[PDB]
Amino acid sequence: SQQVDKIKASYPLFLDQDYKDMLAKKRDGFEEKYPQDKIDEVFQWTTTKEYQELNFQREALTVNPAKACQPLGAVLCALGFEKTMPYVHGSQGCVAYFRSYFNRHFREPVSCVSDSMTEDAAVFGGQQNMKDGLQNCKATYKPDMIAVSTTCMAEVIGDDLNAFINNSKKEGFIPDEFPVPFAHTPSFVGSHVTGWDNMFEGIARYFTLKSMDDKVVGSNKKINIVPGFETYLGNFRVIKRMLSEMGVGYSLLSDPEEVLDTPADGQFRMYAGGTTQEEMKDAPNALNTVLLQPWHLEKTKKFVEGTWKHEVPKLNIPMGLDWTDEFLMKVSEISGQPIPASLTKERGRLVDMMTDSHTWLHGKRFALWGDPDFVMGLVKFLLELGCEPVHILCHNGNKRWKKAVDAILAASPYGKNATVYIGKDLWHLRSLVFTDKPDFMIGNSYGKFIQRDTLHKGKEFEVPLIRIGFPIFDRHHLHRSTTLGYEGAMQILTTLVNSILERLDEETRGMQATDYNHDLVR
């Protein structure tokens, strides 16, 4: 039933007695469900060290990964270029997923096309799809550029992107001048961030490899900035803001911030902003090229050093205090621009917040996950705040990366109880938060299910989720915030300390039992 003045959605509608009785009838009648005592008993077992040991012996089975597949990354990279349509060679199902995946995180349109290869293409390859695909895409959506990646179907049958695009130009489906950069992006290799690196080096190659003759390093007095796989609008903006404040000429290469944040003003804008082709063609003339997320830009780096002859500085992601300092100092070195009063003050304001909040943050234990650069920057900042990053999980991490993070832990007394996991997934992480319980999780929306699980063991075992990463699907507009620079450090600090105080307020909200510590002032 419904009362029209107070309509109930699924929750709490299905709590009504008649729905409840119906659900019990269904269960008892036809579901042949294991008895509740057996369920409780197996649940309890899945929280144990014994279970954890079995869990960690998995070789073939992955459960609840914390990574996605290459072409996702290629699409995001493509979107950062002016009037550029991302185009995935292969099957259309993948493009539906890529679009919806980003739709849900950004709450924006996400434009992408497929050339819809089907079963038939296993006999003859996807050449005709590419010809009709590019012609159709150019005529219909009017991009100034098409950036091509691949699905795994296309990779397994061995389509030659280079030859196919060349043939499409040769047989007059698209003008010879029309830019069609491409990259192979096999999803059984690496992860979504690898797709970004591949796409980017693809595009950089397209505009610079054949024109290196007249290039002169430093002749345009700018610094190229390569952002990598980046899903916070604030992060693109803080980089641009800091460099502008410094009076530093710069070129941000792949810049999706406008097309991921168009106004609702009565018209739909398929394209907005983005790196120009002219900016890519000119980039070898920069002073140097800075990689914001080096641990997934290795192919790009080899190209930039090998062909542009830029000497890529050894910089960590500019996260937290030390690494933001280091970023600014190196940019100052390269550019000749001194660090301005406004940035020095911002820094001192972050440091003030750290002294303000340190007594609540001190010694707090965290489980966290994400992509390698994000995770190590989060680790570093946690250590700066005097927190303990106990469980560090990077599903798509590698050995060398894990050694560098382990080096960062070793240099801090706050690293003593920390462990870095690579190739491990959120079902592994679930075990760790049960057996070696931390105070919070920092992670994406998938972590909400681990929090549910801990709560089920008991309120005292609950580990609350703090949402920072990708994807965040169950809160609105978090994609607008910032995690890089002094600004993102400020945002992260504020989120951490206030999650701690929210949780304390909840634990002390009980009248006469625990509210002796329900302080007005904290």
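Think of the rigid core as the biggest set of C-alphas that the two forms share within 1.5 Å after superposition. Numbers follow the displayed sequence, beginning with 1.
Once the rigid core is used to overlay the structures in 4 other deposited structures of this protein, the stretch among 118-126 and 317-325 whose CA atoms lie farther from this form is 118-126. When the mean C-alpha temperature factors of 69-77 and 330-338 are read from the deposited coordinates, 330-338 comes out higher. Stretches 18-26 and 499-507 differ in mean C-alpha B factor, with the higher average recorded for 18-26. Take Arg104, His358, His391, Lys169 and read off each C-alpha B-factor from the entry; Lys169 has the highest.
Between the residues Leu385, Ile174, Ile317, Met441, the entry's highest C-alpha temperature factor is the one at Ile174. When the CA B factors of the chain's modelled residues are split into thirds, the value for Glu59 lands in the highest one. When the modelled residues of the chain are ordered by C-alpha B-factor, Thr46 sits in the middle third. In the deposited entry, the Cα temperature factor of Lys380 places it in the lowest third of its chain's modelled residues. Placement of the Cα temperature factor of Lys83 within the chain: highest third of the modelled residues, per the deposited record. Among the modelled residues of its chain, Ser191 has a C-alpha B-factor that falls in the lowest third, as given in the PDB entry.
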